[PDB]
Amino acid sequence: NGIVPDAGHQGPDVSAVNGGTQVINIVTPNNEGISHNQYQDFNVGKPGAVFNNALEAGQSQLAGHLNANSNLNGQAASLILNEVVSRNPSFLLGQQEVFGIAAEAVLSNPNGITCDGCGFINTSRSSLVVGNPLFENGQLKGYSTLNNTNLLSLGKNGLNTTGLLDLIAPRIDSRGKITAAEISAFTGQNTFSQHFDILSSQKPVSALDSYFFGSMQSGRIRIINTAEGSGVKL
């Protein structure tokens, strides 16, 4: 019951639950190569979840044998954008696997995101965005944490991935081991490009406190807090 796709045009379809692991047929990539998937609820349990970006049947790590995704229409996604459209926050307690062609992945949930033992498999770049994507006539222009005060939380069991990692939120509270090739954490109220360049920043009414306890096993870490007067506690 963790992942509940939206009933609208950008809602993906669940094809199976294999050992508690939900398998999601992501929607057709647009001309930008972006599969924009919308959910009333996006949560991942300990069995994890699989996003099917495959043009051939094969073996997944989390859900066994899976089929090609006919939604792809012969073109795999280069970016899998998962967006929660409701007021429900997201809890990630397991791995998210991209089955098939490797792609970038973004979870966007302006209501809040909590990781605790979550991770990403076969992902070149993975982003957690407590904020909303910005679209202009159907094309992705970036993301926004403007007017948002919600929290990205990482629990004791941390987060692991072999690719790049982006953490975008008004504030971040981390208590676990973050393992990634590179870690980028951007806090405060900002507008971002598609590539998470900071295009603008605003000062929040009250302080946006970010907390980092725990290890960070990465060769490169960058933390940008644009909330003037706030800080990054370690």
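Heads up: residue numbers just count along the shown sequence, starting at 1.
With 60 to 68 and 199 to 207 compared on mean CA B-factor from the PDB entry, the stretch scoring higher is 199 to 207. Remark: stretch with higher mean C-alpha B factor among 187 to 195 and 37 to 45 is 187 to 195. The PDB entry gives the largest Cα B-factor of the residues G112, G100, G117, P133 to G117. Note on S215, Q10, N25, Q22: the highest value goes to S215, judged by CA B factor as recorded. The PDB entry assigns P29 a C-alpha temperature factor belonging to the middle third of its chain's modelled residues. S174: CA B factor in the highest third of modelled residues in this chain (values from the PDB entry). When all modelled residues of the chain are sorted by CA temperature factor, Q139 is found within the highest third. For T162, the recorded CA temperature factor ranks within the highest third of the chain's modelled residues. When all modelled residues of the chain are sorted by CA temperature factor, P89 is found within the lowest third.
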